[PDB]
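Visitor: Sharing final-v5.cif here; it has mmCIF, C-alpha atoms.
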```cif
data_structure
#
loop_
_atom_site.group_PDB
_atom_site.id
_atom_site.type_symbol
_atom_site.label_atom_id
_atom_site.label_comp_id
_atom_site.auth_asym_id
_atom_site.auth_seq_id
_atom_site.Cartn_x
_atom_site.Cartn_y
_atom_site.Cartn_z
ATOM 1 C CA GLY A 1 0.000 0.000 0.000
ATOM 2 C CA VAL A 2 1.162 3.553 -0.861
ATOM 3 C CA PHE A 3 0.844 6.021 2.084
ATOM 4 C CA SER A 4 1.692 9.758 1.670
ATOM 5 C CA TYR A 5 1.970 12.119 4.690
ATOM 6 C CA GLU A 6 2.703 15.889 4.456
ATOM 7 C CA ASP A 7 3.714 18.493 7.120
ATOM 8 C CA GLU A 8 4.737 22.142 7.475
ATOM 9 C CA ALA A 9 7.331 23.112 10.112
ATOM 10 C CA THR A 10 8.491 26.632 11.011
ATOM 11 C CA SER A 11 12.218 27.499 10.880
ATOM 12 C CA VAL A 12 14.137 30.658 11.985
ATOM 13 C CA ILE A 13 16.360 29.952 8.878
ATOM 14 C CA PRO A 14 15.552 31.939 5.603
ATOM 15 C CA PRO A 15 13.847 29.885 2.773
ATOM 16 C CA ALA A 16 16.785 29.574 0.306
ATOM 17 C CA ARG A 17 19.234 28.896 3.250
ATOM 18 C CA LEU A 18 16.850 26.225 4.672
ATOM 19 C CA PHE A 19 16.923 24.592 1.186
ATOM 20 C CA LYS A 20 20.706 25.157 0.560
ATOM 21 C CA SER A 21 21.725 23.613 3.936
ATOM 22 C CA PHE A 22 19.839 20.308 3.351
ATOM 23 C CA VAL A 23 21.132 19.925 -0.255
ATOM 24 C CA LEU A 24 24.757 21.282 -0.207
ATOM 25 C CA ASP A 25 25.991 20.286 3.327
ATOM 26 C CA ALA A 26 23.654 17.553 4.778
ATOM 27 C CA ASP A 27 26.473 14.936 5.081
ATOM 28 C CA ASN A 28 28.263 17.283 7.559
ATOM 29 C CA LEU A 29 25.056 19.015 8.810
ATOM 30 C CA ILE A 30 23.716 15.769 10.418
ATOM 31 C CA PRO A 31 26.714 15.286 12.860
ATOM 32 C CA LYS A 32 27.216 19.135 13.126
ATOM 33 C CA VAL A 33 23.705 19.643 14.571
ATOM 34 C CA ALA A 34 23.116 16.355 16.516
ATOM 35 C CA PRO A 35 26.466 14.453 17.099
ATOM 36 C CA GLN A 36 25.089 12.006 19.763
ATOM 37 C CA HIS A 37 21.860 11.319 17.801
ATOM 38 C CA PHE A 38 23.858 10.605 14.571
ATOM 39 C CA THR A 39 27.437 9.328 14.046
ATOM 40 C CA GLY A 40 27.519 11.015 10.582
ATOM 41 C CA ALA A 41 26.614 10.876 6.892
ATOM 42 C CA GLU A 42 28.700 10.056 3.765
ATOM 43 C CA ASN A 43 28.474 10.536 -0.026
ATOM 44 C CA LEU A 44 28.384 7.065 -1.721
ATOM 45 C CA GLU A 45 27.233 8.251 -5.210
ATOM 46 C CA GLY A 46 26.754 11.383 -7.413
ATOM 47 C CA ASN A 47 28.041 14.959 -6.757
ATOM 48 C CA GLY A 48 25.446 16.285 -4.216
ATOM 49 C CA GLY A 49 22.943 16.761 -7.127
ATOM 50 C CA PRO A 50 20.240 14.294 -8.380
ATOM 51 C CA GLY A 51 21.416 10.640 -8.515
ATOM 52 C CA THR A 52 23.423 11.227 -5.256
ATOM 53 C CA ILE A 53 23.409 8.615 -2.422
ATOM 54 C CA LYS A 54 23.939 9.555 1.273
ATOM 55 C CA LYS A 55 24.773 6.767 3.787
ATOM 56 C CA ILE A 56 23.278 8.313 6.985
ATOM 57 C CA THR A 57 24.360 6.636 10.266
ATOM 58 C CA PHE A 58 23.540 6.555 14.015
ATOM 59 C CA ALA A 59 24.231 4.402 17.122
ATOM 60 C CA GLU A 60 22.870 6.461 20.113
ATOM 61 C CA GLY A 61 23.536 3.704 22.681
ATOM 62 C CA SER A 62 26.412 2.280 20.480
ATOM 63 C CA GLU A 63 24.011 -0.066 18.518
ATOM 64 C CA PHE A 64 24.976 1.006 14.952
ATOM 65 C CA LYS A 65 22.112 1.711 12.467
ATOM 66 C CA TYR A 66 22.212 2.847 8.828
ATOM 67 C CA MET A 67 20.126 4.399 6.027
ATOM 68 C CA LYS A 68 20.933 5.082 2.369
ATOM 69 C CA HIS A 69 19.062 8.098 1.042
ATOM 70 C CA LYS A 70 19.132 8.447 -2.754
ATOM 71 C CA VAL A 71 18.753 12.113 -3.781
ATOM 72 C CA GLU A 72 16.400 11.589 -6.725
ATOM 73 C CA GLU A 73 15.804 15.286 -7.661
ATOM 74 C CA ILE A 74 17.093 18.791 -6.726
ATOM 75 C CA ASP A 75 15.192 21.774 -8.171
ATOM 76 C CA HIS A 76 16.742 25.224 -7.531
ATOM 77 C CA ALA A 77 13.824 27.040 -9.317
ATOM 78 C CA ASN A 78 11.156 25.657 -6.925
ATOM 79 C CA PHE A 79 13.717 25.131 -4.094
ATOM 80 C CA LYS A 80 12.418 21.501 -4.026
ATOM 81 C CA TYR A 81 14.524 18.493 -2.892
ATOM 82 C CA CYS A 82 13.466 14.871 -3.389
ATOM 83 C CA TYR A 83 15.092 11.667 -2.054
ATOM 84 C CA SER A 84 13.951 8.213 -0.863
ATOM 85 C CA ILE A 85 14.849 5.304 1.195
ATOM 86 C CA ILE A 86 16.378 3.134 -1.407
ATOM 87 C CA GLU A 87 17.496 1.725 1.999
ATOM 88 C CA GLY A 88 16.852 1.815 5.779
ATOM 89 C CA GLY A 89 17.073 -1.772 7.181
ATOM 90 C CA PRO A 90 13.441 -3.021 7.817
ATOM 91 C CA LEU A 91 12.235 -0.315 5.338
ATOM 92 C CA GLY A 92 13.448 -2.765 2.639
ATOM 93 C CA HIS A 93 11.932 -5.876 4.376
ATOM 94 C CA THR A 94 8.206 -4.969 4.909
ATOM 95 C CA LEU A 95 8.267 -1.472 3.601
ATOM 96 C CA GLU A 96 9.889 -1.063 0.148
ATOM 97 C CA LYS A 97 10.524 2.743 -0.263
ATOM 98 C CA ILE A 98 9.951 6.143 1.485
ATOM 99 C CA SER A 99 9.474 9.006 -1.068
ATOM 100 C CA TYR A 100 10.522 12.395 0.349
ATOM 101 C CA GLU A 101 10.007 15.948 -0.929
ATOM 102 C CA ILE A 102 11.395 18.940 1.013
ATOM 103 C CA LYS A 103 9.911 22.198 -0.375
ATOM 104 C CA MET A 104 10.679 25.659 1.106
ATOM 105 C CA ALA A 105 8.179 28.501 1.593
ATOM 106 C CA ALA A 106 8.209 31.968 3.223
ATOM 107 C CA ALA A 107 7.470 32.591 6.886
ATOM 108 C CA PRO A 108 4.596 35.158 7.282
ATOM 109 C CA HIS A 109 7.026 37.449 9.249
ATOM 110 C CA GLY A 110 9.523 37.215 6.300
ATOM 111 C CA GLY A 111 12.491 36.456 8.675
ATOM 112 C CA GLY A 112 12.936 32.661 8.681
ATOM 113 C CA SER A 113 10.936 30.129 6.577
ATOM 114 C CA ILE A 114 8.291 27.422 6.474
ATOM 115 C CA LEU A 115 9.779 23.997 5.747
ATOM 116 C CA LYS A 116 7.181 21.889 3.810
ATOM 117 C CA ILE A 117 7.820 18.100 3.764
ATOM 118 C CA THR A 118 6.116 15.065 2.195
ATOM 119 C CA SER A 119 7.166 11.552 3.313
ATOM 120 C CA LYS A 120 5.551 8.678 1.326
ATOM 121 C CA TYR A 121 5.642 5.254 2.983
ATOM 122 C CA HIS A 122 5.427 2.374 0.451
ATOM 123 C CA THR A 123 4.410 -0.892 2.222
ATOM 124 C CA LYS A 124 4.937 -4.437 0.808
ATOM 125 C CA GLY A 125 1.726 -6.327 -0.077
ATOM 126 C CA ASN A 126 -1.532 -5.461 1.761
ATOM 127 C CA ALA A 127 0.355 -4.147 4.884
ATOM 128 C CA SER A 128 -1.188 -1.014 6.522
ATOM 129 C CA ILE A 129 1.293 1.658 7.768
ATOM 130 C CA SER A 130 1.935 1.899 11.542
ATOM 131 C CA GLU A 131 1.244 5.270 13.243
ATOM 132 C CA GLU A 132 4.439 4.590 15.271
ATOM 133 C CA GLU A 133 6.371 4.189 11.926
ATOM 134 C CA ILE A 134 4.821 7.466 10.570
ATOM 135 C CA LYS A 135 6.015 9.076 13.869
ATOM 136 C CA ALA A 136 9.516 7.456 13.622
ATOM 137 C CA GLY A 137 9.902 8.992 10.131
ATOM 138 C CA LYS A 138 8.805 12.502 11.283
ATOM 139 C CA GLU A 139 10.805 12.559 14.543
ATOM 140 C CA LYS A 140 14.304 12.009 12.980
ATOM 141 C CA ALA A 141 13.647 14.771 10.387
ATOM 142 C CA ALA A 142 12.018 17.136 12.973
ATOM 143 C CA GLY A 143 14.957 16.301 15.327
ATOM 144 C CA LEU A 144 17.498 17.540 12.730
ATOM 145 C CA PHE A 145 15.247 20.541 11.780
ATOM 146 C CA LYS A 146 15.038 21.858 15.404
ATOM 147 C CA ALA A 147 18.726 20.940 15.951
ATOM 148 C CA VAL A 148 19.979 23.009 12.916
ATOM 149 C CA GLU A 149 18.325 26.168 14.358
ATOM 150 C CA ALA A 150 19.923 25.528 17.788
ATOM 151 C CA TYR A 151 23.304 24.903 16.038
ATOM 152 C CA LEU A 152 22.977 28.038 13.816
ATOM 153 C CA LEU A 153 22.272 30.168 16.951
ATOM 154 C CA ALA A 154 25.204 28.507 18.892
ATOM 155 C CA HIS A 155 27.824 28.743 16.056
ATOM 156 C CA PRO A 156 26.628 31.804 13.975
ATOM 157 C CA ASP A 157 29.850 32.273 11.864
ATOM 158 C CA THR A 158 28.408 29.820 9.234
ATOM 159 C CA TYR A 159 26.796 31.547 6.191
ATOM 160 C CA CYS A 160 24.970 28.259 5.228
#
```
Please express what this file holds, its structure, as structure tokens.

Guide:
Amino acid sequence: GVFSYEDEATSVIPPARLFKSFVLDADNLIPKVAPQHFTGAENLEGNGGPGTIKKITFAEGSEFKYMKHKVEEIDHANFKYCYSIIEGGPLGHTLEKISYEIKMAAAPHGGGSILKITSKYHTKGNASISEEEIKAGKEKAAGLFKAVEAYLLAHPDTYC
């Protein structure tokens, strides 16, 4: 079964800089912003553009866990950024794929931004999606999104 879920999240980061950070620097941004929650991330394929693969990694209790996120599309006109689980352990075993789309928008105050995000859970066979799996997907992304603001306010000499 195909299951799409969309959210908007507010950021203190400006809309093009919100976009630019998650496309140009994410491999370093993950352990920059949350070094106990993630061990790091590494380029396995491409050049940071479409057809890129990021091996994203955590242990958080020393039990090592991995994802591979294929960057499928990057669109600088829309400031849209699309990737999926081509891999995330059990997300290949009873799920098959997770189709992401990060889209920026303006904040109403014009200071920071609104992050818009789709995550699309593809389940194997007739399997219904777990609410706890929908939550597990959101919480790692929302973890990094709140952590990059806290990082950017703690270490402001980055231009992003």

Visitor: Compile a residue-level contact table for segment 23-70 of chain A against segment 82-97 of chain A at a cut-off of 12 Å, reporting for every qualifying residue the shortest atom pair and its distance in Å to one decimal, with all atoms listed in the file counted, rows ordered by chain and ascending number, as a tab-separated table.

Guide:
```
residue	atom	partner	partner_atom	distance
A:23	CA	A:82	CA	9.7
A:48	CA	A:83	CA	11.5
A:49	CA	A:82	CA	10.4
A:50	CA	A:82	CA	8.4
A:51	CA	A:83	CA	9.1
A:52	CA	A:83	CA	8.9
A:53	CA	A:83	CA	8.9
A:54	CA	A:83	CA	9.7
A:55	CA	A:87	CA	9.0
A:56	CA	A:88	CA	9.2
A:57	CA	A:88	CA	10.0
A:58	CA	A:88	CA	11.6
A:64	CA	A:89	CA	11.4
A:65	CA	A:89	CA	8.1
A:66	CA	A:88	CA	6.3
A:67	CA	A:88	CA	4.2
A:68	CA	A:87	CA	4.8
A:69	CA	A:85	CA	5.1
A:70	CA	A:83	CA	5.2
```

Visitor: Written as a PyMOL selection string, what is the full residue list that the PyMOL selection byres ((chain A and resi 101) around 6) yields on the file shown?

Guide: chain A and resi 81-82+100+102+117-118

Visitor: Hey, can you check how far atom CA of residue 77 of chain A sits from atom CA of residue 4 of chain A?

Guide: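 Answer for the atom CA of residue 77 of chain A to atom CA of residue 4 of chain A separation: 23.8 Å.
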
Visitor: Could you list, as a list in words, every residue within 9 Å of segment 125-135 of chain A, counting all atoms listed in the file and ignoring same-chain residues fewer than 6 positions away?

Guide: residues 1, 2, 3, 5, 94, 95 and 119 of chain A

Visitor: I'd like the neighbourhood of segment 106-108 of chain A as a PyMOL selection string, where a residue qualifies if any of its atoms comes within 7 Å (using all atoms listed in the file), though same-chain residues fewer than 5 positions away should be ignored.

Guide: chain A and resi 15+113-114

Visitor: Please evaluate the PyMOL selection byres ((chain A and resi 79) around 8) against the displayed coordinates and give the resulting residues as a list in words.

Guide: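 This file, filtered by the PyMOL selection byres ((chain A and resi 79) around 8), leaves residues 16, 19, 74, 75, 76, 77, 78, 80, 81, 103 and 104 of chain A.
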
Visitor: For the atom pair atom CA of residue 33 of chain A and atom CA of residue 144 of chain A, what is the interatomic distance in Å to one decimal place?

Guide: 6.8 Å

Visitor: Can you measure atom CA of residue 158 of chain A to atom CA of residue 111 of chain A for me? One decimal in Å is fine.

Guide: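 Computed distance, atom CA of residue 158 of chain A to atom CA of residue 111 of chain A, equals 17.3 Å.
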
Visitor: Residues of segment 8-51 of chain A that have any atom at most 10 Å from an atom of segment 152-155 of chain A: could you tabulate them with the shortest-distance atom pair and the distance in Å to one decimal, using only C-alpha atoms, ordered by chain and increasing number, as JSON lines?

Guide:
```
{"residue": "A:12", "atom": "CA", "partner": "A:152", "partner_atom": "CA", "distance": 9.4}
{"residue": "A:13", "atom": "CA", "partner": "A:152", "partner_atom": "CA", "distance": 8.5}
{"residue": "A:32", "atom": "CA", "partner": "A:152", "partner_atom": "CA", "distance": 9.9}
{"residue": "A:33", "atom": "CA", "partner": "A:152", "partner_atom": "CA", "distance": 8.5}
```

Visitor: What's the 12 Å shell around residue 35 of chain A, counting all atoms listed in the file, without same-chain residues fewer than 2 positions away, as a list in words?

Guide: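 So, after excluding close chain neighbours, the residues are residues 28, 29, 30, 31, 32, 33, 37, 38, 39, 40, 41, 57, 58, 59, 60, 143, 144, 147, 148 and 151 of chain A.
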
Visitor: If you take every atom of segment 112-115 of chain A that the file lists and fit an axis-aligned box around them with 4 Å extra on each side, what centre and edge lengths come out in Å to one decimal, as lines of an AutoDock Vina configuration file?

Guide:
```
center_x = 10.6
center_y = 28.3
center_z = 7.2
size_x = 12.6
size_y = 16.7
size_z = 10.9
```

Visitor: What would segment 33-69 of chain A look like with N, CA and C atoms restored, written as a PDB file, in the frame of the given file?

Guide:
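Heads up, here's the output in out-v6.pdb:
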```
ATOM      1  N   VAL A  33      24.864  19.182  13.792  1.00  0.00           N
ATOM      2  CA  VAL A  33      23.705  19.643  14.571  1.00  0.00           C
ATOM      3  C   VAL A  33      23.300  18.682  15.687  1.00  0.00           C
ATOM      4  N   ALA A  34      23.556  17.375  15.555  1.00  0.00           N
ATOM      5  CA  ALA A  34      23.116  16.355  16.516  1.00  0.00           C
ATOM      6  C   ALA A  34      24.118  15.176  16.671  1.00  0.00           C
ATOM      7  N   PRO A  35      25.370  15.432  17.110  1.00  0.00           N
ATOM      8  CA  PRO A  35      26.466  14.453  17.099  1.00  0.00           C
ATOM      9  C   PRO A  35      26.284  13.205  17.979  1.00  0.00           C
ATOM     10  N   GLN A  36      25.434  13.224  19.013  1.00  0.00           N
ATOM     11  CA  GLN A  36      25.089  12.006  19.763  1.00  0.00           C
ATOM     12  C   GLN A  36      23.948  11.236  19.090  1.00  0.00           C
ATOM     13  N   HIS A  37      22.993  11.945  18.482  1.00  0.00           N
ATOM     14  CA  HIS A  37      21.860  11.319  17.801  1.00  0.00           C
ATOM     15  C   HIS A  37      22.246  10.667  16.460  1.00  0.00           C
ATOM     16  N   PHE A  38      23.299  11.163  15.801  1.00  0.00           N
ATOM     17  CA  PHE A  38      23.858  10.605  14.571  1.00  0.00           C
ATOM     18  C   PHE A  38      25.389  10.574  14.616  1.00  0.00           C
ATOM     19  N   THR A  39      25.980   9.461  14.179  1.00  0.00           N
ATOM     20  CA  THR A  39      27.437   9.328  14.046  1.00  0.00           C
ATOM     21  C   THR A  39      27.946  10.140  12.853  1.00  0.00           C
ATOM     22  N   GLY A  40      27.200  10.181  11.742  1.00  0.00           N
ATOM     23  CA  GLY A  40      27.519  11.015  10.582  1.00  0.00           C
ATOM     24  C   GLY A  40      26.699  10.696   9.338  1.00  0.00           C
ATOM     25  N   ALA A  41      27.143  11.227   8.201  1.00  0.00           N
ATOM     26  CA  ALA A  41      26.614  10.876   6.892  1.00  0.00           C
ATOM     27  C   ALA A  41      27.690  11.024   5.800  1.00  0.00           C
ATOM     28  N   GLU A  42      27.623  10.201   4.755  1.00  0.00           N
ATOM     29  CA  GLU A  42      28.700  10.056   3.765  1.00  0.00           C
ATOM     30  C   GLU A  42      28.159   9.938   2.337  1.00  0.00           C
ATOM     31  N   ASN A  43      28.771  10.663   1.397  1.00  0.00           N
ATOM     32  CA  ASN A  43      28.474  10.536  -0.026  1.00  0.00           C
ATOM     33  C   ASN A  43      28.981   9.186  -0.575  1.00  0.00           C
ATOM     34  N   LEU A  44      28.069   8.320  -1.024  1.00  0.00           N
ATOM     35  CA  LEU A  44      28.384   7.065  -1.721  1.00  0.00           C
ATOM     36  C   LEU A  44      28.235   7.138  -3.245  1.00  0.00           C
ATOM     37  N   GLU A  45      27.511   8.124  -3.774  1.00  0.00           N
ATOM     38  CA  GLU A  45      27.233   8.251  -5.210  1.00  0.00           C
ATOM     39  C   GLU A  45      26.927   9.706  -5.592  1.00  0.00           C
ATOM     40  N   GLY A  46      27.071  10.058  -6.871  1.00  0.00           N
ATOM     41  CA  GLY A  46      26.754  11.383  -7.413  1.00  0.00           C
ATOM     42  C   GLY A  46      27.711  12.488  -6.955  1.00  0.00           C
ATOM     43  N   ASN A  47      27.249  13.740  -7.000  1.00  0.00           N
ATOM     44  CA  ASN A  47      28.041  14.959  -6.757  1.00  0.00           C
ATOM     45  C   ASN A  47      27.370  15.952  -5.773  1.00  0.00           C
ATOM     46  N   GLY A  48      26.375  15.483  -5.020  1.00  0.00           N
ATOM     47  CA  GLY A  48      25.446  16.285  -4.216  1.00  0.00           C
ATOM     48  C   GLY A  48      24.136  16.613  -4.946  1.00  0.00           C
ATOM     49  N   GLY A  49      24.125  16.574  -6.282  1.00  0.00           N
ATOM     50  CA  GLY A  49      22.943  16.761  -7.127  1.00  0.00           C
ATOM     51  C   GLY A  49      22.040  15.516  -7.204  1.00  0.00           C
ATOM     52  N   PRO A  50      21.043  15.492  -8.110  1.00  0.00           N
ATOM     53  CA  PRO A  50      20.240  14.294  -8.380  1.00  0.00           C
ATOM     54  C   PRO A  50      21.102  13.079  -8.751  1.00  0.00           C
ATOM     55  N   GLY A  51      20.634  11.877  -8.422  1.00  0.00           N
ATOM     56  CA  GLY A  51      21.416  10.640  -8.515  1.00  0.00           C
ATOM     57  C   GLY A  51      22.500  10.502  -7.436  1.00  0.00           C
ATOM     58  N   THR A  52      22.520  11.364  -6.415  1.00  0.00           N
ATOM     59  CA  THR A  52      23.423  11.227  -5.256  1.00  0.00           C
ATOM     60  C   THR A  52      22.909  10.176  -4.276  1.00  0.00           C
ATOM     61  N   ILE A  53      23.793   9.491  -3.544  1.00  0.00           N
ATOM     62  CA  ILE A  53      23.409   8.615  -2.422  1.00  0.00           C
ATOM     63  C   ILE A  53      24.160   9.037  -1.160  1.00  0.00           C
ATOM     64  N   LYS A  54      23.421   9.243  -0.066  1.00  0.00           N
ATOM     65  CA  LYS A  54      23.939   9.555   1.273  1.00  0.00           C
ATOM     66  C   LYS A  54      23.768   8.343   2.185  1.00  0.00           C
ATOM     67  N   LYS A  55      24.851   7.750   2.692  1.00  0.00           N
ATOM     68  CA  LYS A  55      24.773   6.767   3.787  1.00  0.00           C
ATOM     69  C   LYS A  55      24.732   7.506   5.121  1.00  0.00           C
ATOM     70  N   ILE A  56      23.546   7.614   5.716  1.00  0.00           N
ATOM     71  CA  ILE A  56      23.278   8.313   6.985  1.00  0.00           C
ATOM     72  C   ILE A  56      23.327   7.301   8.133  1.00  0.00           C
ATOM     73  N   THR A  57      23.996   7.628   9.241  1.00  0.00           N
ATOM     74  CA  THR A  57      24.360   6.636  10.266  1.00  0.00           C
ATOM     75  C   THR A  57      24.182   7.162  11.691  1.00  0.00           C
ATOM     76  N   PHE A  58      23.751   6.282  12.592  1.00  0.00           N
ATOM     77  CA  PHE A  58      23.540   6.555  14.015  1.00  0.00           C
ATOM     78  C   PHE A  58      23.851   5.319  14.865  1.00  0.00           C
ATOM     79  N   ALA A  59      23.969   5.491  16.179  1.00  0.00           N
ATOM     80  CA  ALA A  59      24.231   4.402  17.122  1.00  0.00           C
ATOM     81  C   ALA A  59      23.582   4.641  18.497  1.00  0.00           C
ATOM     82  N   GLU A  60      23.628   5.889  18.985  1.00  0.00           N
ATOM     83  CA  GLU A  60      22.870   6.461  20.113  1.00  0.00           C
ATOM     84  C   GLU A  60      22.510   5.450  21.222  1.00  0.00           C
ATOM     85  N   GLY A  61      23.529   4.981  21.949  1.00  0.00           N
ATOM     86  CA  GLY A  61      23.536   3.704  22.681  1.00  0.00           C
ATOM     87  C   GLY A  61      24.484   2.660  22.062  1.00  0.00           C
ATOM     88  N   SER A  62      25.390   3.086  21.175  1.00  0.00           N
ATOM     89  CA  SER A  62      26.412   2.280  20.480  1.00  0.00           C
ATOM     90  C   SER A  62      25.906   1.135  19.582  1.00  0.00           C
ATOM     91  N   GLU A  63      24.598   0.928  19.431  1.00  0.00           N
ATOM     92  CA  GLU A  63      24.011  -0.066  18.518  1.00  0.00           C
ATOM     93  C   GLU A  63      23.879   0.531  17.107  1.00  0.00           C
ATOM     94  N   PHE A  64      24.878   0.320  16.244  1.00  0.00           N
ATOM     95  CA  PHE A  64      24.976   1.006  14.952  1.00  0.00           C
ATOM     96  C   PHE A  64      23.820   0.675  13.990  1.00  0.00           C
ATOM     97  N   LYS A  65      23.261   1.717  13.375  1.00  0.00           N
ATOM     98  CA  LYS A  65      22.112   1.711  12.467  1.00  0.00           C
ATOM     99  C   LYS A  65      22.379   2.628  11.277  1.00  0.00           C
ATOM    100  N   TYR A  66      21.890   2.221  10.111  1.00  0.00           N
ATOM    101  CA  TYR A  66      22.212   2.847   8.828  1.00  0.00           C
ATOM    102  C   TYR A  66      20.961   3.128   7.992  1.00  0.00           C
ATOM    103  N   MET A  67      21.043   4.140   7.136  1.00  0.00           N
ATOM    104  CA  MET A  67      20.126   4.399   6.027  1.00  0.00           C
ATOM    105  C   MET A  67      20.964   4.696   4.782  1.00  0.00           C
ATOM    106  N   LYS A  68      20.445   4.421   3.583  1.00  0.00           N
ATOM    107  CA  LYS A  68      20.933   5.082   2.369  1.00  0.00           C
ATOM    108  C   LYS A  68      19.783   5.844   1.726  1.00  0.00           C
ATOM    109  N   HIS A  69      20.000   7.148   1.614  1.00  0.00           N
ATOM    110  CA  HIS A  69      19.062   8.098   1.042  1.00  0.00           C
ATOM    111  C   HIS A  69      19.564   8.445  -0.349  1.00  0.00           C
TER     112      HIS A  69
END
```
